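Everything below concerns the one structure shown next.
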Amino acid sequence: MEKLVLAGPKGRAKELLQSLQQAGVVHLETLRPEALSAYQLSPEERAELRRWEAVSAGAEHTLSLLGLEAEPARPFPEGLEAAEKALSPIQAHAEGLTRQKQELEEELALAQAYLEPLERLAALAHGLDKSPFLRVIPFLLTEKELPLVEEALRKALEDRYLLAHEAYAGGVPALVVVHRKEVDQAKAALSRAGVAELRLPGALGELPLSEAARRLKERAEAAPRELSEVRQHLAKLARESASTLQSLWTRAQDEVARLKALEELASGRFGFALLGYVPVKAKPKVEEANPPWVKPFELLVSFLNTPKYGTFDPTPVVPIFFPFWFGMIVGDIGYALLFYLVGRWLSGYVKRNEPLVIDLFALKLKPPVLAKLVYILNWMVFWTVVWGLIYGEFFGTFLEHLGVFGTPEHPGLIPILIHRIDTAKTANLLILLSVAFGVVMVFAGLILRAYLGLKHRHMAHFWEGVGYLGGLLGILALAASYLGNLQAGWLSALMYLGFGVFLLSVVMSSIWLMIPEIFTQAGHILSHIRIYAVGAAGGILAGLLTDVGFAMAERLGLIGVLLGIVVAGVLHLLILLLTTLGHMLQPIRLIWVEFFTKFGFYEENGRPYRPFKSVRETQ
Amino acid sequence: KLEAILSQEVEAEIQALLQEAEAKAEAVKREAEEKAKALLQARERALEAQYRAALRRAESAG
Amino acid sequence: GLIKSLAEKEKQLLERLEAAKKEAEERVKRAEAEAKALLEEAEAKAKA
Numbered sequence: 005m006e007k008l009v010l011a012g013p014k015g016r017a018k019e020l021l022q023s024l025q026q027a028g029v030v031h032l033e034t035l036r037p038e039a040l041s042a043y044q045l046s047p048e049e050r051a052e053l054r055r056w057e058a059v060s061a062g063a064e065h066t067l068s069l070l071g072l073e074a075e076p077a078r079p080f081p082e083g084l085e086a087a088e089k090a091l092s093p094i095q096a097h098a099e100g101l102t103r104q105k106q107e108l109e110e111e112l113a114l115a116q117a118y119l120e121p122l123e124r125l126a127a128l129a130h131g132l133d134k135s136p137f138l139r140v141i142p143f144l145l146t147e148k149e150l151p152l153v154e155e156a157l158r159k160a161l162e163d164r165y166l167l168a169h170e171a172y173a174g175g176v177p178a179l180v181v182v183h184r185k186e187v188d189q190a191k192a193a194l195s196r197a198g199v200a201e202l203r204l205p206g207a208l209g210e211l212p213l214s215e216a217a218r219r220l221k222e223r224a225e226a227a228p229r230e231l232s233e234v235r236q237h238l239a240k241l242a243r244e245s246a247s248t249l250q251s252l253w254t255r256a257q258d259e260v261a262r263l264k265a266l267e268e269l270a271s272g273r274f275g276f277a278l279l280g281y282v283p284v285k286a287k288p289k290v291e292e293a323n324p325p326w327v328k329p330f331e332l333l334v335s336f337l338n339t340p341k342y343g344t345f346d347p348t349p350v351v352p353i354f355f356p357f358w359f360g361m362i363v364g365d366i367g368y369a370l371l372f373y374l375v376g377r378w379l380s381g382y383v384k385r386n387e388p389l390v391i392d393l394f395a396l397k398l399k400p401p402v403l404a405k406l407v408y409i410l411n412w413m414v415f416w417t418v419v420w421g422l423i424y425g426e427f428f429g430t431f432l433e434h435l436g437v438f439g440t441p442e443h444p445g446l447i448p449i450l451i452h453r454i455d456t457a458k459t460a461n462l463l464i465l466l467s468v469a470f471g472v473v474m475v476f477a478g479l480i481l482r483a484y485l486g487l488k489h490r491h492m493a494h495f496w497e498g499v500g501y502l503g504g505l506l507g508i509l510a511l512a513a514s515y516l517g518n519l520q521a522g523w524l525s526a527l528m529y530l531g532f533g534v535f536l537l538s539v540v541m542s543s544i545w546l547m548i549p550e551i552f553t554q555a556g557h558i559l560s561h562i563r564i565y566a567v568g569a570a571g572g573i574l575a576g577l578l579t580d581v582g583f584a585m586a587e588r589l590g591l592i593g594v595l596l597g598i599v600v601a602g603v604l605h606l607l608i609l610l611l612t613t614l615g616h617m618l619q620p621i622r623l624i625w626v627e628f629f630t631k632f633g634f635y636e637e638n639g640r641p642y643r644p645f646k647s648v649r650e651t652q
Numbered sequence: 003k004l005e006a007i008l009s010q011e012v013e014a015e016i017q018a019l020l021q022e023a024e025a026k027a028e029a030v031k032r033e034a035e036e037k038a039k040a041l042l043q044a045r046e047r048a049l050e051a052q053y054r055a056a057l058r059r060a061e062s063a064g
Numbered sequence: 005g006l007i008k009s010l011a012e013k014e015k016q017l018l019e020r021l022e023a024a025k026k027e028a029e030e031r032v033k034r035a036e037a038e039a040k041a042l043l044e045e046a047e048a049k050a051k052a
C-alpha cells in the first residue's frame with residue numbers, strides 16, 4: 005500500500021475529502037505543520053532536480069530548432085543517465101547545423117553583394133597590392149559623383165596619379181594609384197567630398213584584392229549547394245527525432261512538478277494536509293479526484338463540485354445565455370438563411386479557409402489541442418447557426434406568405450422582395466419581447482445576490498440583495514405604464530412611494546455609504562434592457578439593409594432586377610458580415626453586467642474563481 | 003496503515019548500524035587478545051634465552 | 005483527524021533513535037572494559 009500526503013486549503017477540506025473518498029482512499033488523518041517539516045530536499049535530490057530542468061531546457065532548445073514545440077501527454081520513462089545520453093548527441097547535431105546554416109546565409113549574403121565590386125577593384129590594382137612602389141586606395145563612386153572627385157584628386161595629387169574605374173552594376177568602384185607618401189593627399193580629397201573607402205569585413209578585407217575577389221565569386225557559387233546539404237540533414241533529423249524530444253520533455257516535466265511539490269510541502273505552510281494509504285489498483289484513481326443542453330452541461334459538472342460561496346454554483350448561466358445567443362441571428366435571405374455555410378466550416382471540415390483542413394484532426398488558427406477543447410463549442414456554434422436559420426423562417430412569417438401579409442407567397446424575382454417589418458409597430462413588439470427577458474434576468478441575479486449572505490452567513494450582502502428587490506416593484510410599476518401606456522400612471526405614483534421605501538429599508542441596516550450609487554444600480558437594469566433591445570432592433574435592422582441588397586434597388590422593381598441586384602449584393606454582404614460579428618459580443622456584454630459587478634457571482638474586482646468568458650470558451 | 007510500522011523500518015537500519023558498531027565491539031576484543039598473545043610469547047622467549055644463559059654460565063663455573 | 009498518528013509516530017521514531025545511541029555507547033564502553041580486564045590477567049599470568 006502506497007502512502008500519500010496531499011495538501012490543500014482549509015476552505016475545501018471537506019470538498020477535497022469528498023473527492024478523495026469517491027476516488028478510493030482509506031485511512032484519512034489530518035497532519036499539523038511539524039509533521040510536514042520533515043520532507044526538506046537533500047543535495048542529492050536537489051542535484052537531480054537542477055538536472056531535470058537542465059533536460060527540460062535542452063529539449064525545448066533543440067526541438068524549437070528542428071521544428072515546432074509541443075508537449076504530448078505520453079512520457080518515455082528512463083533514468084537520468086539515459087536521459088542525459090539521449091539528448092547529448094541530438095542537441096550537438098542540431099546546435100552545429102543551425103550555426104552552419106546561419107554561417108552559410110551570412111556568408112552567401114556578403115558574396116552576393118560584393119563579388120562584382122571587388123572583382124572590378126582587383127583588376128584595377130592588378131600587381132599593385134604588394135608592390136612597395138605604389139600605394140592604391142579603393143573607394144566607391146556613383147556616376148553623378150565622379151566629375152567632382154576627379155577634379156578634387158587632380159588639385160590634391162597633381163598629374164603624378166592614375167585614376168581608372170570599372171563599372172560593377174550601378175556607379176563605379178574607382179581606384180586611384182598614387183605614390184607612397186601622397187597617400188594622405190588622396191585620402192583628404194575623398195574625406196572632404198564625403199566619399200567613403202571600399203573594403204570587406206575583417207580578414208578578407210586585409211588580404212590582397214585578387215584573393216578576396218576570387219574567393220568571393222567561388223563562395224557565391226558554392227553556398228546554395230552547401231546550404232541544400234545542411235537543410236536535408238536537418239529535415240531527416242526532424243522527421244525521425246521530433247517525437248523523442250517531446251516525450252523526454254514530458255517525463256522530465258512531470259518529475260520537476262513532483263520534486264517541486266515535495267519541497268513546497270516541506271516548509272509546512274499548507275493549511276489542510278492529509279495522510280492516507282491507497283491500494284495499488286486505487287493509486288491511479290486517488291490522484292484524479323439531448324446534445325444542445327447536455328453537452329455544455331457536462332463541462333459545468335466540474336464547477337458543480339466546487340462551491341466557494343453561499344451562492345449557488347454558476348450552472349444556470351448556460352440556459353440564460355442560450356435564448357439571446359440563438360436569437361442574435363434573425364436576418365433574412367441575405368444574412369441568416371445564408372449563414373448555413375459559415376456553421377459548416379467550424380463544426381465540419383472544408384479547405385476553403387486556409388488553416389482549416391481536416392477539423393477532424395483539429396486543424397485551425399488556434400493550436401491543435403485548443404481546437405480539440407472547443408469541439409463542444411463548435412457544436413454549440415453549429416446549433417447557434419441552425420437556430421439562426423429557423424429564425425430566418427420566423428423572419429419570413431412577417432416578410433412572406435399571403436396568409437400573414439399582402440406580400441407575395443412567391444415573388445417573381447427572389448423571396449423577401451418586400452419587407453413588412455418596416456412598419457414601426459411590428460418591429461416594436463419583438464423589441465418589447467426581448468426587454469421582458471431582461472426584467473427576468475434582473476430578478477435571477479437579485480435572488481442569487483441575496484442567497485450568498487444566506488448560506489455564507491455574511492449579513493452585508495444579504496441586506497443588499499433583499500432591499501434591492503424593493504426597487505423591482507417600482508421598476509415593474511413604471512414599466513406597465515409605458516409598455517401598455519394607459520395601464521398605470523396614477524396607480525404607480527402613489528404605489529411608487531411605498532415601493533421606494535422597500536428599496537432602502539434594509540439597505541440602511543447594511544449602512545451603505547454609497548447612497549448615489551443606487552442611480553448606477555438602476556442603470557444596471559437599464560443596461561440589460563438596452564442590450565436585449567439592440568439585439569432585437571439591430572437584428573431586424575441588418576435585414577432591412579438587405580432591402581436594397583438582395584431584393585430590389587434598381588430599375589422600377591421590374592423582373593430584371595433579379596440578375597442586376599448582385600452588383601450591390603457582393604459589396605454589402607461582407608460589410609454586413611463584419612458588423613454582425615460585433616452583435617454576437619452583446620451576449621458576453623450582457624453576462625458582464627451581472628457577473629463582473631456582483632449580483633450573486635464571484636467576480637468584482639478580482640476574487641477567486643475564473644471569469645465567465647474563459648468558462649464558456651470551451652462550453 | 004503505517005505508523006509504528008514505519009518506526010520498525012528505522013528499527014532495522016539502526017540494527018544494521020548497530021551490527022557495524024557490534025563489529026567494532028568484536029574487533030576491539032580480537033585486537034586485544036591478538037596483541038596480548040605476542041607479549042607472552044615475548045615474555046617466554048626472552049626468559050628462555052636468559053635461562054639458557056643462566057645454565058651455561060653455571061655449568062662453565064661448576 | 006487525530007493528532008495521535010503524526011505525533012506518536014515522531015515519538016516512536018525518536019524513541020528508536022535513543023535506543024540506538026544508548027546501546028552504541030554502553031557497548032563501546034564494554035569493549036574497553038573487556039580489553040582492560042584481559043590485560044590485567046595478562047600481567048597476573050606474566051608474573052607467574
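Residue numbers (UniProt numbering), protein chains in the order written: chain D, 5 to 293, 323 to 652; chain X, 3 to 64; chain L, 5 to 52. For every residue, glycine included, the Cβ atom is placed at its ideal position computed from N, Cα and C.
Short CB-CB distance (under 9 Å) between residue i and chain X
{"i": "D:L279", "result": "yes"}
{"i": "D:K287", "result": "no"}
{"i": "L:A28", "result": "yes"}
{"i": "L:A48", "result": "no"}
{"i": "D:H65", "result": "no"}
{"i": "D:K7", "result": "yes"}
Of the listed residues the options, nearest to residue i (C-alpha basis)
{"i": "D:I608", "options": "D:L591, D:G576, D:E637, D:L623", "result": "D:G576"}
{"i": "D:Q116", "options": "D:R164, D:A227, D:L389, D:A127", "result": "D:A227"}
{"i": "D:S247", "options": "D:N386, D:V199, D:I449, D:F80", "result": "D:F80"}
{"i": "D:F276", "options": "D:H616, D:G593, D:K14", "result": "D:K14"}
{"i": "D:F427", "options": "D:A395, D:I362, D:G445, D:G639", "result": "D:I362"}
{"i": "D:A86", "options": "D:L67, D:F583, D:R55", "result": "D:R55"}
{"i": "D:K287", "options": "D:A156, D:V29, D:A584, D:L623", "result": "D:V29"}
{"i": "D:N386", "options": "D:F394, D:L35, D:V375", "result": "D:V375"}
{"i": "D:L213", "options": "D:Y118, D:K384, D:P93", "result": "D:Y118"}
Nearest-angstrom beta carbon gap, residue j and residue i [assumed within contact, 8 Å]
{"i": "D:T146", "j": "D:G175", "result": "3 Å"}
{"i": "D:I451", "j": "D:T440", "result": "5 Å"}
{"i": "D:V181", "j": "D:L132", "result": "6 Å"}
{"i": "D:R482", "j": "D:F357", "result": "Between D:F357 and D:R482 the Cβ distance is about 21 Å, and since that is not below 8 Å, they are no contact."}
Rounded straight-line distance, which links the Cα of residue j to that of residue i
{"i": "D:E149", "j": "D:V599", "result": "59 Å"}
{"i": "D:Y382", "j": "D:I391", "result": "5 Å"}
{"i": "D:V414", "j": "D:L379", "result": "8 Å"}
{"i": "D:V334", "j": "D:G12", "result": "21 Å"}
{"i": "D:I621", "j": "D:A98", "result": "47 Å"}
{"i": "D:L179", "j": "D:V140", "result": "7 Å"}
{"i": "D:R588", "j": "D:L595", "result": "11 Å"}
{"i": "D:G507", "j": "D:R649", "result": "34 Å"}
{"i": "D:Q257", "j": "D:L84", "result": "13 Å"}
{"i": "X:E36", "j": "L:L42", "result": "11 Å"}
{"i": "L:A11", "j": "D:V59", "result": "40 Å"}
{"i": "D:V9", "j": "D:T254", "result": "24 Å"}
{"i": "D:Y501", "j": "D:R640", "result": "23 Å"}
{"i": "D:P448", "j": "D:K289", "result": "60 Å"}
Below-9 Å beta-carbon distance, residue i vs any chain D residue
{"i": "L:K13", "result": "yes"}
{"i": "L:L6", "result": "yes"}
{"i": "L:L10", "result": "yes"}
Interface flag, residue i vs chain L, CB-CB below 9 Å
{"i": "D:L35", "result": "yes"}
{"i": "D:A39", "result": "yes"}
{"i": "D:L32", "result": "yes"}
{"i": "X:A6", "result": "yes"}
{"i": "X:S9", "result": "yes"}
{"i": "X:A23", "result": "yes"}
Which parts of the region 377 to 434 of chain D are runs of the alpha helix (DSSP H), unbroken and 4 residues or longer, counting only runs that do not cross its ends?
Counting only runs of 4 or more, we get 401 to 406, 408 to 428.
Counting only runs that start and end within the region 332 to 370 of chain D, where is the alpha helix (DSSP H) found for 4 or more residues in a row?
Within the region 332 to 370 of chain D, the complete alpha helix (DSSP H) runs of at least 4 residues are 350 to 359.
Mind pulling the beta strand (DSSP E) runs of 3 or more residues that sit fully within the UniProt domain "V-type ATP synthase subunit I N-terminal" (116 to 204) of chain D?
Secondary structure in the UniProt domain "V-type ATP synthase subunit I N-terminal" (116 to 204) of chain D: the beta strand (DSSP E) runs of 3 residues or longer, each lying completely within the stretch, are 138 to 145, 166 to 169, 176 to 183 in chain order.
Taking only runs of the alpha helix (DSSP H) that begin and end inside the region 201 to 229 of chain D, which ones reach a length of at least 4 residues, in chain order?
Taking only runs of at least 4 residues, the alpha helix (DSSP H) segments lying wholly in the region 201 to 229 of chain D are 207 to 210.
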